[PDB]
Amino acid sequence: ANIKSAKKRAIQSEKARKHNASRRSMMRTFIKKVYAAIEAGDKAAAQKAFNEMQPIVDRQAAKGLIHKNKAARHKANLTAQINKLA
Amino acid sequence: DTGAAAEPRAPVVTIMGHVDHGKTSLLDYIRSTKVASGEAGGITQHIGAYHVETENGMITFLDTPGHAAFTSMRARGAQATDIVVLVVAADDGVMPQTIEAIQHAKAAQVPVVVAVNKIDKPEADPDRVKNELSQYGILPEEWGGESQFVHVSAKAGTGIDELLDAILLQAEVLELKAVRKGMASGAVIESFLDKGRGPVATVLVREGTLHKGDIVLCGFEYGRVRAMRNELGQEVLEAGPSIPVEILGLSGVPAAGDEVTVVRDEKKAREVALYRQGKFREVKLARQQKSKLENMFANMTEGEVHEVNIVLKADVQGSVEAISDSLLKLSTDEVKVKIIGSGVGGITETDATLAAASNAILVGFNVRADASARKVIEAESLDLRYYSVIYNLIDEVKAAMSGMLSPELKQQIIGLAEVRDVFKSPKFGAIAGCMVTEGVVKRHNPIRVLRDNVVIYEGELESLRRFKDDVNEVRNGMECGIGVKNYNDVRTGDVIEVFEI
Amino acid sequence: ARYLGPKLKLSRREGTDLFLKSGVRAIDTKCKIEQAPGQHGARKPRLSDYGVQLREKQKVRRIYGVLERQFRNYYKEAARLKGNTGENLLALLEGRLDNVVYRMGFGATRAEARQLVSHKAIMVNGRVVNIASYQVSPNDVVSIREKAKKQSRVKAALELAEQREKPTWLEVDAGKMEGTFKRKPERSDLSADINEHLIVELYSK
RNA sequence: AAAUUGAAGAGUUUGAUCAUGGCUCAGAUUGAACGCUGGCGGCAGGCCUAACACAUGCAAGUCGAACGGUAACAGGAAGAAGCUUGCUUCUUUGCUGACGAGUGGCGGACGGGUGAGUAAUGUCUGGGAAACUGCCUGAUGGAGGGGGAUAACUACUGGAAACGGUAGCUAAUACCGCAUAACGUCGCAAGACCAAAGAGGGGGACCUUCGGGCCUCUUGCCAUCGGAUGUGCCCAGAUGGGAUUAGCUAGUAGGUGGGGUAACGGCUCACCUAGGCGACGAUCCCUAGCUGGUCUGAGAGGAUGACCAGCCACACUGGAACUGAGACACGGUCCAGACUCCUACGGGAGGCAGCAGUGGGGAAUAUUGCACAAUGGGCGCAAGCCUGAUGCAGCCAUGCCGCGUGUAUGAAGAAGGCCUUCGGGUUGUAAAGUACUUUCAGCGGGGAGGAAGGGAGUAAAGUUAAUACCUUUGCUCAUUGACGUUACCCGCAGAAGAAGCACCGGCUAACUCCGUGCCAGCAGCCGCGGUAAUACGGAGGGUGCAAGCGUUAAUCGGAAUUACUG
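Protein chains in written order, with UniProt numbering: chain A, 2 to 87; chain C, 382 to 882; chain L, 2 to 206.
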């Protein structure tokens, strides 16, 4: 970049990018564990997995990695499905 | 120009000679640059001015190459400079280009000092130079003619101390007149065209003064100065009568050289600039009417009507006027060559269009092809050739001209045959029986029919036939037969001369 | 921006006195008043309908010292204004300062009055107005400023003025060299061999 | 009170006529150009062409009151001395006024440029419902206790440069756990789950580890529900032409369910139904940013979309997402393309449709200027710093408006020119002469306003333990204008420095002589030119405009000549 701060911003945005990427990848992992339990038909594994997932979709919302509404749908959606089976 | 203030200035010096006296070397060594032989051609084909700071005081140097082609540059460089230097070599002695520089020194009434270039070579002696140039009134030594000789190595870098001293003294002995503040005026060294910067000019200012807001008028061109550049220095705030500064912001590329005068307001200088254009345009149409009416006939009296056209755009303004004069020297009565639309720089759409209408070669001393220029040149059939030096150009234009010629002078004879006992044919109207006395007769080779040493008729054979064979070749002392179209009368005793081309 | 040439030519072309000289002289002893200027002045113009309209507009313009652009703009304003356009044109002309200065007798001619104005010799409401076309309003007081009061042109100008018909809508004190634009002149105040409707016709076609 | 209360026709077909019908003119208008000419000023306008390419400067920073900090300069200091004993120079130490480089915060999504693309994820009018929304704002509560890092820096090392490699080492309002957790999110509910950060100003007992504790106020941080502003989304109508384009469509149209977004939605995927669009113009092709408005017209219309303002779209070309409240980013990143610059040859760098400026194209369009003083934007508690936004200045008669280039007097009415039947007529009161004025330009002298604020003190209130500090409001003192030689006013000199352009046969205001002789030439239309040419060219005279005047280009008018009105 040409301007002093523009240079600095590219550096900061890359750091943030690697920070966000790391936390975001983690989060989707814990979401995916729940969908995987559901697809195997286990209430407990899927409830257990939902309980681990809950606090982290909530936290990443508070931290701006995602919006509150996204966290809610995930909880709403998974909760809907797990109940529909056991 | 009021107050009559008189201040000393740095003397402007020009150097002349036969090519190769290491005229450039003298400058580069003083400048501690050595740009010599770093450029295409190995010699200096351009003019430039460079000011250096050396004790005592200040001095600037200007140089022009000496060649048959640059008639104008050496003429203008002499009258502008207060002191002229003439380089001479003991090995070279005096040459017709050097004596040409002698006239420029005396006619411009400029005092002259000279230097012997080679003290290094053992076959080089000063006494030869002094005596042989003694015959000419210029360059006396200790005879009471006030002129002083200097002996320098020019390679060795040997003083020089004497030459420098003479130059300072020669400028010192004569009163140096200038003014620090007043109405600026001067002459233009060299002008060229740039793509980003725009049209520019290198200007020696006689009275030294300048400002970004001041309006400057060069020739029929006018405008406000946007920026100032001095040599390597990219920007200068102020410029004195001594040191030269490249001028920028003028409307268009001015003449190769002329008197430049600044004005208070631009509006007052607009009508004046347009006035000079009207006169230059009136004489342009005047010289156009004369040359066409001069023949006093609707066409040329003879067959020289065949001509070649050329299109030239050179980056520098100084060349187009100078080399064209040398380009008109190679002109001859047989083939006439003329320049059309000499440009200030580069290339353009209307220039490629100019070469499209009339077939011509598009050449430039130094040029690059524009993005819009490539599209036109690549599409229609044309020729784009750029040449670093003027010598490679002056040779090939001649080459173009030499080729244009179509002369058949024969032309060695292939065979000579005499015809006897004519026969009649329906197709060609006649068949002349022949006997070849010498050589071999061929089909498509041209023939010359002559009677009593004068040529009755001329042509090219259509049918060579012996008996019913109709062979394409007949040797000597073998009965042969011949007929041709458009030949009415066959008489015995005449001889037909066939010749290959 | 001003007509600077011979003046009686204008009167001679329009067929009438245009008051372009002081009036000290019978105009017929200064020029051949009843003959147009030029080689062919004696010739009569068998004059077209357009011609009579043109000459009438020229006449008024030449009386007031107004060139075409400004005068056309005067028509435009007269038209825009309420009431009869032809009469509005003459109100606007007659309200000009160079004009009013002339009518109070401070200048022998409108040309002289205009020079008085331009040369900062005239005040309006004790305030210096130096542009000729300044529109003067009811109750305004225009005066010769103190320094210009001893100019002999002005005394002579007031003498001649005293010998012209005296305009109703102006109250002039010759001693003080001040005067008051009481009201806009009516149509009936102004000469009756001006044909405004012709000028109105010229500018509507 | 007033505020669309407005409308013209002429020449030209014919021997002549009436009708038909086209061509042409008078008018307004212009971002104009060219030709001749050119004094001043105020206000405006100024690449319409190549969304062609761009050298150089400048156009986005700021905060030490978040943080480790010193390298510059500035003081200060135990202690070195300049020592001529209070003046001091340098060795030192961030002690502090400040501040390069660094982390961090907020801004680089605004301001400014352009109109390429787009006949619709556009615009205009009018409505909807499923949403987010930095800074500013109201409400109610938090602001507890910890942890591992890292740039800078240090050491070693690679590069021509750009910029790197190792290992050390350290701070925070950088970063992450843990606690706390509802009028929040999920859930019928029971329950389950989510955050944070300090930094400054001043200070009374009181005292220590002299750091501060503690007292107090300012400010920032977290949560939730609002306000305001901004933005996303959906529907209807309108918004160019072409059928010498009539059929178009597989995410296509809908349904179910999963996923997805801030949010509704074929947004996406699977499955199912077989629909959906179209002569009320789909599809395809050409062209084009839309509007307020602008020009013209009595109007209805016609033409149009510079300058100002609103919306959209773009940022070298094609594609992409990252950061962020906001971007798929005008001076950010990545890939590919076109192109250019640097290089020590191994490798690097850049994108003016920001402001100046350059080349190129063109009939044609400006200075590489001054200033943040004013308004407004970014950061900061502030002081202030930045701001080619903006305010101004330069250039061009490009346009609009104003003014000047003198005023008055001046006759047998001169000389000269021009016409003349040689009587005289005209140029012409024109000139000369005579008085007289002095705008503008020139030169000196003086001198508003655009300035509100901000700075020291002071006093009062609200604060509080407090007269501190903070903040508000009065007081005084000294100050802030790029323009600028400002506007404007006074003085001096003299008519002194300031008039050209087109036209004069009819249309059409303005007539004669000489030259030419179907030539040279004119010509908007008719039509002029072969011996009297008011039509060519010169002259005298005249007409119309006037710092302009003509010619060319261009829209509408007249044209009821696309006729809805008609």
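Don't be surprised by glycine CBs; every beta carbon is placed ideally from N, CA and C.
Could you say which of the options lies nearest to residue i if we only look at CA atoms?
i: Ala535/C; options: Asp401/C, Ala650/C, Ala565/C, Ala813/C; result: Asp401/C
i: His427/C; options: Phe678/C, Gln698/C, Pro625/C, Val465/C; result: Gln698/C
i: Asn78/A; options: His68/A, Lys8/A, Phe51/A, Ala63/A; result: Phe51/A
i: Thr462/C; options: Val475/C, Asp473/C, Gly474/C, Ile440/C; result: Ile440/C
i: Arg13/L; options: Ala2/L, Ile28/L, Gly24/L, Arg3/L; result: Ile28/L
i: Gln529/C; options: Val468/C, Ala737/C, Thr405/C, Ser739/C; result: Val468/C
i: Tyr103/L; options: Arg165/L, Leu203/L, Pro38/L, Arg26/L; result: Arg165/L
i: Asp382/C; options: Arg662/C, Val643/C, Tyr772/C, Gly862/C; result: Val643/C
i: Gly429/C; options: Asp639/C, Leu408/C, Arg651/C; result: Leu408/C
i: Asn611/C; options: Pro635/C, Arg662/C, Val584/C; result: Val584/C
i: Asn867/C; options: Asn857/C, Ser806/C, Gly858/C; result: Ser806/C
Looking at the secondary structure, which residues open and close the alpha helix (DSSP H) in which residue i lies?
i: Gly52/L; result: 50–65
i: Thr452/C; result: 452–461
i: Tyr75/L; result: 69–81
i: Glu619/C; result: From DSSP, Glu619/C is part of no alpha helix (DSSP H); its letter is neither H nor E.
i: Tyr410/C; result: 404–412
i: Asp59/A; result: 44–63
i: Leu161/L; result: 153–164
i: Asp99/L; result: 98–104
i: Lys16/A; result: 5–39
To which residues does DSSP link residue i through a beta bridge?
i: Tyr767/C; result: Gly745/C
i: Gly604/C; result: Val597/C
i: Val173/L; result: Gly180/L
i: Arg128/L; result: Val125/L
i: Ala813/C; result: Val803/C, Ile863/C
i: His41/L; result: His41/L pairs with nothing; no bridge assigned.
i: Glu571/C; result: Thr583/C
i: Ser566/C; result: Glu588/C, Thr642/C
i: residue 888/C; result: Nothing about residue 888/C can be read from this structure; chain C reaches only from 382 to 882.
i: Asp542/C; result: In DSSP, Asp542/C forms no bridge with anything.
i: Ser632/C; result: For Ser632/C, which the question treats as bridged, DSSP gives no partner whatsoever.
i: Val830/C; result: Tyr838/C, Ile877/C
Take residue i and list the residues in its own chain whose beta-carbon comes closer than 8 Å to its own, dropping the five residues that flank it on each side.
i: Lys779/C; result: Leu711
i: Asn853/C; result: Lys823, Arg824, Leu845
i: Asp875/C; result: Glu799, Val800, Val830, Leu831, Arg832, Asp833, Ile837
Ordered along the chain, which non-local residues of its own chain (more than five positions away) have a Cβ less than 7 Å from that of residue i?
i: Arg455/C; result: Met397, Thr445, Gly447, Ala482, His485
i: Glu15/L; result: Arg56, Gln59, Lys60, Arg63
Suppose the cutoff is 6 Å on Cβ atoms and the five residues either side in sequence are ignored; what does the same chain contact list for residue i look like?
i: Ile794/C; result: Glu878, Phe880
i: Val701/C; result: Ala695, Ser723
i: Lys511/C; result: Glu522
i: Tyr65/L; result: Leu94
i: residue 898/C; result: A query on residue 898/C cannot be resolved here, the shown segment of chain C reaching from 382 to 882 and no further.
Just curious, the beta strand (DSSP E) that residue i is in, first and last residue?
i: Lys499/C; result: From DSSP, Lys499/C is part of no beta strand (DSSP E); its letter is neither H nor E.
i: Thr441/C; result: 440–444
i: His432/C; result: 429–433
I'd like to know if the stretch 813–820 of chain C and the stretch 832–844 of chain C are in contact, where contact means that at least 3 CB-CB pairs between them fall below 8 Å.
no
Three Cβ pairs or more, each shorter than 8 Å: is that satisfied between the stretch 552–569 of chain C and the stretch 583–598 of chain C?
yes
Quick one: any contact between the stretch 84–99 of chain L and the stretch 185–199 of chain L, if contact means 3 or more CB pairs under 8 Å?
Yes, the stretch 84–99 of chain L is in contact with the stretch 185–199 of chain L.
Is the stretch 155–163 of chain L close to the stretch 99–117 of chain L, with three or more CB pairs under 8 Å?
yes
Any contact of the stretch 195–205 of chain L with the stretch 174–184 of chain L, i.e. 3+ C-beta pairs under 8 Å?
The stretch 195–205 of chain L is not in contact with the stretch 174–184 of chain L.
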